[PDB]
Amino acid sequence: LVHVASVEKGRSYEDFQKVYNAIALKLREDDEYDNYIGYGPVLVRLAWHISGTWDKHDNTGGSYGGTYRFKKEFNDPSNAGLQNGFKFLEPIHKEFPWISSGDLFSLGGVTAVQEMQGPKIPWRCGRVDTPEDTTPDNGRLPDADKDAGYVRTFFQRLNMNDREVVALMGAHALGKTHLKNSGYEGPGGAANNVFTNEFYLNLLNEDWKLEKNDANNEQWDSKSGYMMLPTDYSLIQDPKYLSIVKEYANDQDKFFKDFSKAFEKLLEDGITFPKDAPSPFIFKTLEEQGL
Ligand code: HEM
């Protein structure tokens with residue numbers, strides 16, 4: 001399967017910076033969502049789940065085709081709760097009907113991270129919508145109730161290595177688990193709509209307790225009111241993972257730099273970019289624009 005990036009006709013940096021600003025302006029406006037967390041965390045989760053279907057072996061799945069717009073992927077049990085990120089973006093797609101679905105879902109994730117004061121993420125245009133029959137089947141996204149060997153093995157399919165996996169998981173400092181979506185409940189920290197390295201700090205400094213929640217699932221709970229998933233706590237159980245966790249709890253700039261590279265790579269897996277294709281765009285935030 002080859003998927004070649006095709007820039008939307010005649011579009012350039014300024015067009016996509018207009019779509020960025022539209023998403024970012026609505027993130028500021030619709031602030032009440034999920035008890036004032038706002039839409040940013042569900043939008044970086046949506047960009048991860050449309051990319052996380054990729055399989056390196058046959059180049060199926062991935063962010064290129066925008067296939068989450070089809071019922072099979074929209075109704076995947078693993079995507080429960082992401083309909084709220086879709087409905088947030090649907091106004092903006094009506095306003096810029098020329099951007100492809102893959103591009104709009106991935107730029108929403110980029111915009112949310114930078115607007116929640118994360119690192120800049122280089123983003124590239126050119127994903128092309130593909131037919132309903134290209135939609136990957138349910139079951140390619142990871143279970144939460146498993147251990148470190150499962151996480152390592154699952155992420156080899158998206159060929160991410162240990163460092164990349166640990167840098168990507170730092171995004172679980174954002175938002176929260178919702179019992180009616182996943183059977184898990186609670187936030188992982190106090191700053192859950194500002195991008196920081198707090199996931200790593202909480203993992204190493206809190207007093208975790210294995211408890212059973214109302215959906216009868218086990219999760220790691222702390223006195224402070226935070227929770228960690230079994231696959232999250234996995235990172236301090238494995239010796240290779242645990243020493244990268246310590247590296248990111250001791251250096252927030254290295255965390256930001258490595259997250260930026262692994263999230264771009266995540267979003268680009270499966271796509272062939274021609275050598276005459278434009279460079280990756282670095283978008284300015286509303287704040288850097290005085291907007
Ligand atoms: C083995 C890996 C992973 C598993 C099992 C997993 C699982 C989960 C689960 C069960 C939730 C709760 C969903 C809900 O109830 O609403 C969640 C939320 C979230 N995850 Fe993951 N995740 C994984 C990796 C990642 C990665 C790599 C990213 C992003 C780079 C990510 C970003 C998020 C975000 C931002 C949320 C919060 C959503 C919200 O607030 O609504 N996840 N994760």
Side-chain angles (χ1 to χ4, degrees), residues 31-49 78 80-82 84-85 109 112-113 115-119 141-148 150-151 154-155 165-239 241-256 258-259 262-263:
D31 70 327
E32 69 305 296
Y33 177 67
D34 212 4
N35 287 99
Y36 284 88
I37 288 168
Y39 287 93
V42 76
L43 292 179
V44 344
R45 190 176 165 236
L46 184 53
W48 142 241
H49 276 218
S78 310
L82 291 182
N84 298 313
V113 174
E115 290 302 303
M116 289 186 302
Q117 27 242 228
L141 297 169
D143 302 307
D145 66 343
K146 303 275 188 292
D147 70 333
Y150 173 83
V151 174
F154 170 85
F155 272 107
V165 174
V166 174
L168 254 26
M169 223 66 68
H172 276 171
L174 303 164
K176 66 181 285 289
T177 62
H178 311 79
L179 195 89
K180 215 165 132 71
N181 299 343
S182 62
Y184 292 96
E185 182 56 58
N192 55 170
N193 62 359
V194 175
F195 199 91
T196 67
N197 64 338
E198 166 174 44
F199 173 86
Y200 305 107
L201 286 177
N202 289 3
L203 220 29
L204 298 175
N205 298 128
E206 293 286 300
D207 181 25
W208 301 103
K209 243 143 62 78
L210 184 70
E211 306 180 332
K212 236 185 172 58
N213 68 34
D214 289 307
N216 243 245
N217 295 134
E218 284 183 306
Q219 55 178 74
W220 294 92
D221 295 342
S222 79
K223 276 56 169 47
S224 305
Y226 310 150
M227 73 68 79
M228 286 286 166
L229 295 162
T231 53
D232 292 329
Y233 191 85
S234 270
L235 303 193
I236 57 179
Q237 294 177 138
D238 177 281
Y241 286 160
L242 172 66
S243 44
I244 303 163
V245 173
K246 294 175 169 179
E247 180 172 0
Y248 296 157
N250 288 286
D251 190 345
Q252 44 199 165
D253 185 62
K254 192 57 172 69
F255 173 46
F256 274 30
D258 290 0
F259 182 83
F263 198 50

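For the single chain, residues carry numbers from 1 onward in sequence order. Excluded from the calculations below are hydrogen atoms, water molecules and symmetry mates; all remaining heavy atoms, backbone and side chain alike, are included.
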Please report the interatomic distance CG(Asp238) to OG(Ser243), rounded to the nearest 0.5 Å. 8.5 Å
Between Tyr248 and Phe256, ring centroids under 6.0 Å: no
Spatial distance of atom CG (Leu203) from atom NZ (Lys246) [nearest 0.5 Å]: 12.0 Å
What residues form a side chain to side chain contact (heavy atoms under 4.5 Å, CB included) with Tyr150, not counting sequence neighbours? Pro142, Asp143, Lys146, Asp147, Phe154
About how many Å separate CG of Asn205 and OG of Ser224, when rounded to the nearest 0.5 Å? 10.5 Å
Return each pair, listed once, that meets salt bridge (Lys or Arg N to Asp or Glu O under 4.0 Å) where at least one residue sits in residues 168-197; pairs must be two or more places apart or across chains. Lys176-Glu185
Closest approach of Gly40 and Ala112, non-hydrogen atoms and distance? O-CB, 3.5 Å
Rounded to the nearest 0.5 angstrom, the NZ-CG distance for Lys254 and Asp258 is 3.5 Å
Salt bridge (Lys or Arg N to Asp or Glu O under 4.0 Å) filter on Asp34, not counting sequence neighbours, yields none
Report the residues that fulfil side chain to side chain contact (heavy atoms under 4.5 Å, CB included) with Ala47, sequence neighbours left out, ordered by chain and then residue number. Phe263, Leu267
Nearest-0.5 Å distance, CE of residue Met116 to OG1 of residue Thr196: 10.5 Å
Sorted by first residue and then second, give each salt bridge (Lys or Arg N to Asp or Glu O under 4.0 Å) pair with at least one member in residues 218-234; sequence neighbours left out. none
Residues in side chain to side chain contact (heavy atoms under 4.5 Å, CB included) with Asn217, at least two apart? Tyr184, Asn213, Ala215
Is there a ring pair (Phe, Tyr, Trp, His ring centres under 6.0 Å) between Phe199 and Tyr226 once you walk through the steps? CA-CA 10 Å; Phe199 173 86; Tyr226 310 150; over 10 Å; no
Under a 3.5 Å distance rule, please check whether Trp208 uses its side chain to pair with a backbone N or O of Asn202 as donor and acceptor. yes
What's the separation between atom NE2 in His172 and atom CE in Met227, rounded to the nearest 0.5 Å? 9.5 Å
